[PDB]
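Everything below concerns the one structure shown next.
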Amino acid sequence: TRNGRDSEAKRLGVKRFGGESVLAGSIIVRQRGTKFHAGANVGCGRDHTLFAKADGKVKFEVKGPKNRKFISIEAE
Amino acid sequence: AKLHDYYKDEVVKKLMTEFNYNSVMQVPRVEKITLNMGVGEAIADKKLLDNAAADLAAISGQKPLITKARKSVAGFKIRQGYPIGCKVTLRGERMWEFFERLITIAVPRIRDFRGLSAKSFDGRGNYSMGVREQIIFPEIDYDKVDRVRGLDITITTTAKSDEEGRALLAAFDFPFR
Amino acid sequence: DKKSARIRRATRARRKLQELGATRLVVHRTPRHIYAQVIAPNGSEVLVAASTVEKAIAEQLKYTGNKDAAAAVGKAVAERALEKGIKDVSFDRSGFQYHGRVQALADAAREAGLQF
Amino acid sequence: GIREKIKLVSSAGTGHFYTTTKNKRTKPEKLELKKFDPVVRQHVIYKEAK
RNA sequence: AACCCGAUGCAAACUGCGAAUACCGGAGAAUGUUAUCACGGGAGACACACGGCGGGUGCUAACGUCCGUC
RNA sequence: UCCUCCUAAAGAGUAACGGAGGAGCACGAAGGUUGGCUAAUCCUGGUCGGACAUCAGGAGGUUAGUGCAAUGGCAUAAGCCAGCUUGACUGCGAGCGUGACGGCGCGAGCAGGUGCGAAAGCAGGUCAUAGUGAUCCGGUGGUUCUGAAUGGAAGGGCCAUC
RNA sequence: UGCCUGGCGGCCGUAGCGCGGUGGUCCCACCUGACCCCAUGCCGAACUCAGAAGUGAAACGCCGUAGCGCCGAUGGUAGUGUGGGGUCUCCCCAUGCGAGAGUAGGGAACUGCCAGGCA
C-alpha cells in the first residue's frame with residue numbers, strides 16, 4: 001500500500017573464514033542473530049560481533065549439547 | 001502438633017491394615033493446605049483488597065499473599081500484573097492448627113451442613129472445594145462483617161489416586177457426603 | 001528437581017571458569033558429607049580431592065557434616081594445596097550460598113593460606 | 001518536543017558539566033547522581049540539574 | 001462466530017533435510033612478455049541494445065521496461 | 001530521511017511508481033553486580049465464575065515473554081522478582097570492516113577515581129538495526145591561549161552546549 | 001585384579017522417551033528439630049543450620065523390554081558447471097559432482113581422572 005521505500009541492507013554474515021591467520025582486533029564474523037558463538041580466546045561485542053583476542057588461526061566447530069556452532073582460535 | 005501426632009500414631013497402621021502396603025512411607029501425606037479468595041470485584045473499588053488481606057491474616061496465623069494477574073485479558077477489564085485475588089498457603093504447625101480448628105468447630109457449625117462432595121477431586125489426589133459465608137469461622141465477629149465473601153479450600157495430597165486420597169482422609173473420617 | 005536446580009545454578013559458574021582456563025576449587029555440600037576438588041587447567045584432571053568421608057578427617061569429628069567438619073576439610077585441602085604448590089586457584093560456589101558450611105570452608109582455606 | 005535538555009553541574013566549583021534529555025512532566029523531582037569529574041579527580045555529587 | 005476435527009489447494013516473507021555453481025584463505029608440479037599491488041600525470045565515459053542462463057514487471061501484445069553473469 | 005521480510009539467482013552488494021509495512025519515540029530505571037524464579041495452550045475439581053478474573057495436580061517444554069512495525073536468536077536464559085547502584089566514567093586504544101568521500105560499526109588492553117560482588121568476575125548504556133541534521137552567523141564557564149606601541153579591555157580558537 | 005556408589009571431563013538423541021527388574025555395607029533423596037547461620041514479595045514452599053530414629057514412597061545408579069524418537073548404507077530420483085541438439089514458457093546427448101524421505105542394519109550408549117565401600 002503506497003510502498004516504494006526500501007531500507008539499506010546492512011551486510012551481515014561471516015567475512016573471515018576458517019584457516020585464516022588473523023591478528024588481534026579482527027572480526028571473525030558479524031551475524032545479526034547468534035548463528036556462531038564464541039569459544040576459547042574469542043570475544044563477543046554488544047552487536048553479536050565475534051573478534052579474536054589474540055593472534056592465531058581461527059576455526060569453526062559444532063559444539064554444545066544444544067547443537068550450536070562456536071568459533072575458536074588456536075596458536076599458529 | 002496434635003494432628004501430626006495423630007497422623008503418625010495410627011493412620012499408618014490403619015492404612016496398612018485396610019490396603020496392605022509394603023513400606024511404612026507408602027502412606028500418602030498432604031503437602032499443603034491453601035485458602036483462596038478470587039473475589040474479582042476489587043476492580044470496582046480498591047478498598048476491598050486491604051480488608052480481605054486483614055481478614056485472611058486474622059483467620060490464619062500469618063499474612064496472606066496477593067496473586068497478580070497471570071495474563072492481560074480484556075474480558076474482565078484486568079491488565080497484566082493486576083492484584084485481583086489473594087491466598088494463604090499453610091504447611092506444618094500452622095496448617096495442623098488451622099485444620100484442627102476447622103474440623104473441631106467450623107465444619108460442624110456450617111449452616112445447612114449435611115456433607116462434603118467426594119466427587120470434587122482433580123483426578124490426581126488433591127481435594128478442592130468451595131464454601132460461602134466465610135463468617136462461619138468463629139474468628140470473624142458477625143456484627144463486624146462488611147460484605148458477603150466466599151472461600152476456596154484446596155488440600156494438596158501426594159496420593160496418586162482418588163481411592164488413596166479417600167483412604168488418607170479416612171483419618172479425618174470424611175464426616176459426611 | 002533438587003539436583004537440576006543446582007546444575008542450572010552452577011553451570012554459569014562452570015562455564016565462566018572453564019572459558020578462562022583457570023584452575024578452580026569446586027565444592028559440593030550435602031547434609032551428611034561435603035566434597036572438595038581442585039580441577040586442572042585442562043578441565044579433565046583433578047589434582048586434590050578431599051571429603052569428610054575420608055577416615056583421617058572423620059576420626060576427629062562428632063557429626064559427619066557440620067561447620068567444624070567443613071572448616072577441617074577446608075584446612076586439609078589448603079594444606080595439601082600449599083604442599084603441592086597449588087597457590088592462586090580460583091573458587092566456584094557450585095550453586096550454593098556463602099552463608100553456611102560452604103562459606104565456613106572458604107574462610108578456613110583463606111586463613112590456611114589460599115586466595116580465591 | 002515532550003523532552004527537554006537538562007544540564008548537570010557538579011556541586012563543587014568545577015565548571016565541567018554534563019548534559020542529558022529528560023521530561024519534568026512525570027518526574028518533577030530533581031536529579032541526584034554522582035559521576036567522576038576530571039578537574040577534581042574524584043566522584044562528586046551533582047545537583048542543580050534544572 | 002472463535003478453537004478444534006475430516007479434508008482441500010499454495011508458498012516470497014517455514015526449513016526437524018539439502019545440493020550442483022560461485023567467493024574466500026594455507027601447501028603444491030605445471031604455464032602466462034609480472035599477466036599482481038603501490039605512487040605521480042593525462043584521459044574518455046558516467047544515455048547502452050540483442051541472444052543464452054533464473055526472474056520481476058504487462059493481459060508474453062511486442063524489437064515494451066528493469067535485474068546477477070558470458 | 002531512515003528501518004524490517006521476499007523479490008534479489010546459497011561470499012557481500014544488487015534496480016523497477018513490486019508485494020506488506022513501521023520510525024521523529026522513551027528508561028537516570030525498563031542498564032550492571034549477587035541471589036532466586038522460569039512461558040503460551042490443553043485436561044482434571046470447585047461459591048458468585050461463564051470459553052478465559054484466582055486456587056491445586058497433570059500434559060506441554062518455549063510457538064509465551066523478550067516496550068514499539070519487522071528480523072534472527074535469548075534455558076548459562078538477553079524473560080520475571082529482591083539490596084545497592086551511576087562504568088548513561090575520565091584521556092587513550094594496536095587492530096578489523098564498510099562505503100569514492102564527509103561519515104559509520106566493533107574492539108582486547110593501558111593510567112586514574114570507581115559501582116556491584118567475600119573473591120573469581122561484569123559494568124565506556126538499553127539483545128542488536130530506524131527516534132536522524134552539517135556548513136556560515138550568534139548564546140552560556142572557564143582557558144590572562146592569542147591580544148595591531150605597553151597596561152588592559154575589545155576581538156578570535158579548544159572543550160560541554162542551543 | 002575385579003563389582004558397587006559419589007564427584008569432575010570428551011559427543012549430545014546408535015547418547016534419547018515409555019514399561020518391568022534390581023539396590024542401601026561406601027555415598028544421595030526424604031524421613032527429626034530449628035527460639036539459633038540463613039530467608040520467605042505468607043509459608044523451613046525454596047535455601048541454610050543442628051541431628052541420624054526408617055527405608056528406597058519419590059528421585060537416582062545398572063540390566064532387560066526394539067513399544068515411540070534417531071542415525072544409517074548401496075543405488076534410484078530431482079538437479080547442476082561445460083559444449084552441442086531438439087518440437088525451446090521446457091527437454092535430450094557425453095562428461096565431474098550430487099538430493100531428501102524411505103529400504104537392509106543398529107541401538108537401552110561409549111569413554112578419561114579422583115574419593116569411599118565390598119572381595
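By order of appearance in the C-alpha cells: chains A, B, ..., then residues from 1 within every chain, and ligands from 1 in the order shown.
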Quiz item: Leaving out residue A:37 and any residue of its chain fewer than 4 positions from it, which residues lie within 9 Å of it when counting only C-alpha atoms (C1' of nucleotides), given as a list in words?
Solution: residues 44, 48, 50, 68, 69, 70 and 71 of chain A
Practice problem: Excluding stretch 41-43 of chain A and residues on its chain fewer than 4 positions from it, collect all residues at most 12 Å away from it, counting only C-alpha atoms (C1' of nucleotides), and give them as number ranges by chain. | Solution: A: 22-29, 36-37, 47-60, 70-75; C: 18-21; F: 106-108
Practice problem: Could you please write out, as a ChimeraX atom specification, every residue of chain C that DSSP assigns to strand (DSSP E or B)? | Solution: /C:24-29,34-39,46-51,90-92
How about saving the chosen residues, N, CA, C and O atoms kept, as a CSV table (one decimal), in the first residue's frame?
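See again-v1.csv below for the written result:
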```csv
chain,number,residue,atom,x,y,z
C,24,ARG,N,40.2,-24.2,39.3
C,24,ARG,CA,39.2,-23.8,40.2
C,24,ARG,C,39.0,-24.9,41.3
C,24,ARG,O,39.2,-26.1,41.0
C,25,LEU,N,38.6,-24.5,42.5
C,25,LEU,CA,38.1,-25.4,43.5
C,25,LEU,C,36.6,-25.4,43.5
C,25,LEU,O,35.9,-24.4,43.7
C,26,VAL,N,36.1,-26.7,43.3
C,26,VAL,CA,34.7,-26.9,43.3
C,26,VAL,C,34.3,-27.7,44.6
C,26,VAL,O,34.9,-28.7,44.9
C,27,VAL,N,33.3,-27.2,45.2
C,27,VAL,CA,32.8,-27.8,46.5
C,27,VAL,C,31.3,-28.2,46.3
C,27,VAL,O,30.5,-27.4,45.9
C,28,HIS,N,31.0,-29.4,46.7
C,28,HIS,CA,29.7,-29.9,46.7
C,28,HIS,C,29.3,-30.3,48.2
C,28,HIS,O,29.9,-31.1,48.8
C,29,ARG,N,28.3,-29.6,48.7
C,29,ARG,CA,27.9,-29.7,50.1
C,29,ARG,C,26.6,-30.5,50.2
C,29,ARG,O,25.6,-30.2,49.5
C,34,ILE,N,30.6,-33.5,52.7
C,34,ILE,CA,30.9,-32.4,51.8
C,34,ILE,C,32.2,-32.8,51.1
C,34,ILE,O,33.1,-33.4,51.7
C,35,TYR,N,32.2,-32.5,49.8
C,35,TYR,CA,33.4,-32.9,48.9
C,35,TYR,C,34.0,-31.6,48.3
C,35,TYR,O,33.3,-30.7,48.0
C,36,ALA,N,35.3,-31.7,48.2
C,36,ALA,CA,36.1,-30.6,47.6
C,36,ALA,C,37.1,-31.1,46.6
C,36,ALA,O,37.7,-32.1,46.9
C,37,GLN,N,37.2,-30.5,45.4
C,37,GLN,CA,38.1,-30.9,44.4
C,37,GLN,C,38.8,-29.7,43.8
C,37,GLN,O,38.2,-28.6,43.7
C,38,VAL,N,40.0,-29.9,43.3
C,38,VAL,CA,40.7,-28.9,42.5
C,38,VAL,C,40.9,-29.4,41.1
C,38,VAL,O,41.6,-30.4,40.9
C,39,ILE,N,40.4,-28.6,40.1
C,39,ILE,CA,40.4,-29.1,38.7
C,39,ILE,C,41.6,-28.5,38.0
C,39,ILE,O,41.9,-27.3,38.2
C,46,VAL,N,41.9,-33.8,38.1
C,46,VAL,CA,41.7,-33.3,39.4
C,46,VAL,C,43.0,-33.5,40.2
C,46,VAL,O,43.6,-34.6,40.2
C,47,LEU,N,43.6,-32.5,40.8
C,47,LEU,CA,44.9,-32.5,41.5
C,47,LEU,C,44.7,-33.0,42.9
C,47,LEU,O,45.3,-33.9,43.4
C,48,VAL,N,43.7,-32.3,43.6
C,48,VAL,CA,43.5,-32.5,45.0
C,48,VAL,C,42.0,-32.8,45.2
C,48,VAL,O,41.1,-32.2,44.7
C,49,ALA,N,41.7,-33.9,46.0
C,49,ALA,CA,40.3,-34.3,46.3
C,49,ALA,C,40.3,-34.6,47.8
C,49,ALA,O,41.1,-35.2,48.4
C,50,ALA,N,39.2,-34.1,48.5
C,50,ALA,CA,39.0,-34.3,49.9
C,50,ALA,C,37.5,-34.3,50.2
C,50,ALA,O,36.7,-33.9,49.4
C,51,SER,N,37.2,-34.9,51.4
C,51,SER,CA,35.8,-35.0,51.8
C,51,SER,C,35.8,-35.6,53.2
C,51,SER,O,36.8,-36.2,53.7
C,90,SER,N,41.3,-20.3,41.7
C,90,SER,CA,40.0,-19.7,41.9
C,90,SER,C,39.1,-20.6,42.6
C,90,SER,O,39.4,-21.8,42.9
C,91,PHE,N,37.9,-20.1,42.9
C,91,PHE,CA,36.9,-20.9,43.6
C,91,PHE,C,35.5,-20.8,42.9
C,91,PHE,O,35.2,-19.8,42.3
C,92,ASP,N,34.7,-21.9,43.0
C,92,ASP,CA,33.4,-21.9,42.5
C,92,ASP,C,32.4,-22.3,43.6
C,92,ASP,O,32.7,-23.2,44.3
```
Using only C-alpha atoms (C1' of nucleotides), tabulate the residues of chain D lying at most 10 Å from any atom of chain F, each with its closest atom pair and that distance in Å to one decimal, by chain and increasing residue number, as a Markdown table.
```
| residue | atom | partner | partner_atom | distance |
| --- | --- | --- | --- | --- |
| D:1 | CA | F:24 | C1' | 9.8 |
| D:3 | CA | F:26 | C1' | 9.5 |
| D:5 | CA | F:162 | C1' | 9.5 |
| D:7 | CA | F:161 | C1' | 8.7 |
| D:14 | CA | F:141 | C1' | 9.0 |
| D:15 | CA | F:141 | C1' | 5.5 |
| D:16 | CA | F:160 | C1' | 6.9 |
| D:17 | CA | F:160 | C1' | 6.3 |
| D:18 | CA | F:160 | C1' | 6.4 |
| D:19 | CA | F:160 | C1' | 7.6 |
| D:20 | CA | F:88 | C1' | 8.8 |
| D:22 | CA | F:28 | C1' | 9.1 |
| D:31 | CA | F:28 | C1' | 8.0 |
| D:32 | CA | F:28 | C1' | 8.9 |
| D:33 | CA | F:86 | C1' | 6.5 |
| D:34 | CA | F:86 | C1' | 6.3 |
| D:35 | CA | F:86 | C1' | 6.6 |
| D:36 | CA | F:89 | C1' | 5.9 |
| D:37 | CA | F:90 | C1' | 7.2 |
| D:38 | CA | F:90 | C1' | 5.8 |
| D:39 | CA | F:90 | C1' | 9.6 |
| D:40 | CA | F:113 | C1' | 9.7 |
| D:41 | CA | F:113 | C1' | 6.3 |
| D:42 | CA | F:113 | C1' | 5.3 |
| D:43 | CA | F:113 | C1' | 6.7 |
```
Just the selected residues (C-alpha atoms), exported as a PDB file, in the first residue's frame, please.
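result-v4.pdb, freshly written:
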```
ATOM      1  CA  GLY D   1       9.126  18.120  21.943  1.00  0.00           C
ATOM      2  CA  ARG D   3      11.544  16.031  26.356  1.00  0.00           C
ATOM      3  CA  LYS D   5      17.593  19.133  27.635  1.00  0.00           C
ATOM      4  CA  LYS D   7      22.436  20.293  32.245  1.00  0.00           C
ATOM      5  CA  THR D  14      34.267  22.853  38.782  1.00  0.00           C
ATOM      6  CA  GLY D  15      32.967  24.284  35.516  1.00  0.00           C
ATOM      7  CA  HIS D  16      32.811  20.917  33.756  1.00  0.00           C
ATOM      8  CA  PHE D  17      29.229  19.707  33.400  1.00  0.00           C
ATOM      9  CA  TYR D  18      27.259  17.025  31.573  1.00  0.00           C
ATOM     10  CA  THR D  19      24.048  17.183  29.549  1.00  0.00           C
ATOM     11  CA  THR D  20      21.081  14.841  29.205  1.00  0.00           C
ATOM     12  CA  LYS D  22      14.632  14.448  30.413  1.00  0.00           C
ATOM     13  CA  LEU D  31      18.353  14.671  39.895  1.00  0.00           C
ATOM     14  CA  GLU D  32      20.656  13.061  42.481  1.00  0.00           C
ATOM     15  CA  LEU D  33      23.642  11.299  40.908  1.00  0.00           C
ATOM     16  CA  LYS D  34      27.421  11.085  41.241  1.00  0.00           C
ATOM     17  CA  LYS D  35      29.977  10.909  38.437  1.00  0.00           C
ATOM     18  CA  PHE D  36      33.722  11.298  38.022  1.00  0.00           C
ATOM     19  CA  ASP D  37      34.836  14.884  37.398  1.00  0.00           C
ATOM     20  CA  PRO D  38      38.294  15.161  35.765  1.00  0.00           C
ATOM     21  CA  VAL D  39      39.070  18.530  37.372  1.00  0.00           C
ATOM     22  CA  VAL D  40      38.561  17.320  40.955  1.00  0.00           C
ATOM     23  CA  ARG D  41      39.894  13.792  40.246  1.00  0.00           C
ATOM     24  CA  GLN D  42      37.132  12.258  42.387  1.00  0.00           C
ATOM     25  CA  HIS D  43      33.437  11.446  42.186  1.00  0.00           C
TER      26      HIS D  43
END
```
Quiz item: Which polymer residues have any atom within 12 Å of an atom of residue G:17, counting only C-alpha atoms (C1' of nucleotides), with same-chain residues fewer than 3 positions away left out, as an NGL selection string?
Solution: :G and (13 or 67-70 or 108)
Quiz item: Would you list which chain F residues are within 12 Å of chain B using only C-alpha atoms (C1' of nucleotides), as JSON, numbers by chain?
Solution: {"F": [39, 40, 43, 44, 45, 46, 47, 48, 49, 50, 51, 52, 53, 54, 55, 56, 57, 58, 64, 65, 80]}
Show me, as a Markdown table, the residues of chain C having an atom within 10 Å of chain F, each with the closest atom pair and its distance in Å, using only C-alpha atoms (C1' of nucleotides).
```
| residue | atom | partner | partner_atom | distance |
| --- | --- | --- | --- | --- |
| C:8 | CA | F:76 | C1' | 7.6 |
| C:9 | CA | F:76 | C1' | 8.4 |
| C:10 | CA | F:76 | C1' | 8.7 |
| C:11 | CA | F:76 | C1' | 6.0 |
| C:12 | CA | F:76 | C1' | 4.6 |
| C:13 | CA | F:76 | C1' | 8.4 |
| C:14 | CA | F:76 | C1' | 9.1 |
| C:15 | CA | F:76 | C1' | 7.4 |
| C:16 | CA | F:121 | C1' | 8.6 |
| C:17 | CA | F:120 | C1' | 8.2 |
| C:22 | CA | F:120 | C1' | 9.7 |
| C:24 | CA | F:120 | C1' | 9.0 |
| C:89 | CA | F:120 | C1' | 9.2 |
| C:90 | CA | F:120 | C1' | 5.7 |
| C:91 | CA | F:120 | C1' | 6.4 |
| C:92 | CA | F:120 | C1' | 7.7 |
| C:97 | CA | F:35 | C1' | 8.5 |
| C:98 | CA | F:118 | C1' | 8.0 |
| C:103 | CA | F:118 | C1' | 8.5 |
| C:106 | CA | F:118 | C1' | 9.0 |
| C:107 | CA | F:118 | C1' | 8.8 |
| C:115 | CA | F:119 | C1' | 7.8 |
| C:116 | CA | F:119 | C1' | 5.1 |
```
Quiz item: How far is it from atom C1' of residue F:2 to atom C1' of residue F:133, in Å with one decimal?
Solution: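 So the answer is 12.3 Å.
Between atom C1' of residue F:116 and atom CA of residue C:102 the separation is 21.6 Å.
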Exercise. Output the contact residues of chain F with respect to chain A at a cut-off of 7 Å, based on only C-alpha atoms (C1' of nucleotides), as an MDAnalysis selection string.
Key: chainID F and resid 3 12 72:73 95:96 106:108 128
Exercise. Could you list the residues in chain A lying within 9 Å of chain E, using only C-alpha atoms (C1' of nucleotides), and format the result as a PyMOL selection string?
Key: chain A and resi 15-21
Write out, as a PDB file, in the first residue's frame, the residues just selected, with N, CA, C and O atoms.
```pdb
ATOM      1  N   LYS A  15      32.638 -13.048   7.278  1.00  0.00           N
ATOM      2  CA  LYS A  15      33.540 -12.462   6.296  1.00  0.00           C
ATOM      3  C   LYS A  15      34.949 -13.026   6.365  1.00  0.00           C
ATOM      4  O   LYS A  15      35.645 -13.037   5.348  1.00  0.00           O
ATOM      5  N   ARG A  16      35.382 -13.487   7.535  1.00  0.00           N
ATOM      6  CA  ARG A  16      36.663 -14.161   7.704  1.00  0.00           C
ATOM      7  C   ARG A  16      36.383 -15.614   8.059  1.00  0.00           C
ATOM      8  O   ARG A  16      35.693 -15.894   9.046  1.00  0.00           O
ATOM      9  N   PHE A  17      36.915 -16.528   7.258  1.00  0.00           N
ATOM     10  CA  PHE A  17      36.561 -17.935   7.324  1.00  0.00           C
ATOM     11  C   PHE A  17      37.617 -18.711   8.107  1.00  0.00           C
ATOM     12  O   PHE A  17      38.537 -18.138   8.697  1.00  0.00           O
ATOM     13  N   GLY A  18      37.480 -20.035   8.123  1.00  0.00           N
ATOM     14  CA  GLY A  18      38.419 -20.863   8.848  1.00  0.00           C
ATOM     15  C   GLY A  18      39.781 -20.907   8.185  1.00  0.00           C
ATOM     16  O   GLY A  18      39.949 -20.608   7.001  1.00  0.00           O
ATOM     17  N   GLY A  19      40.778 -21.295   8.974  1.00  0.00           N
ATOM     18  CA  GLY A  19      42.139 -21.365   8.469  1.00  0.00           C
ATOM     19  C   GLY A  19      42.674 -20.027   8.013  1.00  0.00           C
ATOM     20  O   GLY A  19      43.429 -19.960   7.036  1.00  0.00           O
ATOM     21  N   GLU A  20      42.297 -18.953   8.701  1.00  0.00           N
ATOM     22  CA  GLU A  20      42.738 -17.602   8.381  1.00  0.00           C
ATOM     23  C   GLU A  20      43.631 -17.100   9.507  1.00  0.00           C
ATOM     24  O   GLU A  20      43.225 -17.108  10.674  1.00  0.00           O
ATOM     25  N   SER A  21      44.839 -16.670   9.158  1.00  0.00           N
ATOM     26  CA  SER A  21      45.765 -16.094  10.131  1.00  0.00           C
ATOM     27  C   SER A  21      45.353 -14.647  10.370  1.00  0.00           C
ATOM     28  O   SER A  21      45.607 -13.770   9.542  1.00  0.00           O
TER      29      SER A  21
END
```
Exercise. Excluding residue B:164 and residues on its chain fewer than 4 positions from it, collect all residues at most 9 Å away from it, counting only C-alpha atoms (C1' of nucleotides), and give them as a VMD selection string.
Key: chain B and resid 27 to 28 125 159 to 160 168 to 169
Residues from the last selection, C-alpha atoms, saved as a short mmCIF file (atom, residue, chain, number, x, y, z; two decimals), in the first residue's frame:
```cif
data_model
loop_
_atom_site.label_atom_id
_atom_site.label_comp_id
_atom_site.auth_asym_id
_atom_site.auth_seq_id
_atom_site.Cartn_x
_atom_site.Cartn_y
_atom_site.Cartn_z
CA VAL B 27 1.07 -43.63 53.33
CA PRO B 28 0.04 -40.55 51.31
CA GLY B 125 -5.50 -36.91 44.64
CA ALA B 159 -1.80 -39.68 46.75
CA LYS B 160 -1.82 -40.68 43.08
CA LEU B 168 -5.83 -40.89 53.73
CA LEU B 169 -8.85 -38.73 54.60
#
```
Quiz item: With only C-alpha atoms (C1' of nucleotides) as the basis for distance, which of G:59, G:118, G:35, G:89 is at the shortest distance from residue G:2?
Solution: G:118
Quiz item: If you count only C-alpha atoms (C1' of nucleotides), which residues fall within 10 Å of residue C:31, apart from same-chain ones fewer than 3 positions away, as an NGL selection string?
Solution: (:C and (34 or 64-66 or 101)) or (:G and (28 or 49))
Could you give me, as CSV, every chain B residue with an atom at most 7 Å from chain G, plus its closest atom pair and distance in Å to one decimal, counting only C-alpha atoms (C1' of nucleotides), rows ordered by chain then number?
```
residue,atom,partner,partner_atom,distance
B:25,CA,G:57,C1',5.3
B:26,CA,G:57,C1',4.8
B:62,CA,G:42,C1',6.0
B:63,CA,G:42,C1',5.1
B:64,CA,G:42,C1',5.0
B:65,CA,G:42,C1',5.6
B:88,CA,G:42,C1',6.6
B:89,CA,G:43,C1',6.2
B:90,CA,G:43,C1',5.8
B:91,CA,G:43,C1',6.4
```
Quiz item: In Å, with one decimal, what is the gap from atom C1' of residue F:16 to atom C1' of residue E:48?
Solution: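 Computing the Euclidean distance for atom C1' of residue F:16 and atom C1' of residue E:48 yields 17.7 Å.
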Quiz item: Using only C-alpha atoms (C1' of nucleotides), which residues sit within 8 Å of stretch 98-112 of chain B once same-chain residues fewer than 4 positions away are excluded, as JSON, numbers by chain?
Solution: {"B": [3, 60, 94, 136, 137, 138]}
List every residue of chain G that has an atom at most 6 Å from any atom of chain C, giving for each one its closest atom pair and the distance in Å to one decimal, counting only C-alpha atoms (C1' of nucleotides), sorted by chain and then by ascending residue number, as a Markdown table.
```
| residue | atom | partner | partner_atom | distance |
| --- | --- | --- | --- | --- |
| G:9 | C1' | C:44 | CA | 4.3 |
| G:37 | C1' | C:100 | CA | 6.0 |
| G:113 | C1' | C:45 | CA | 5.1 |
```
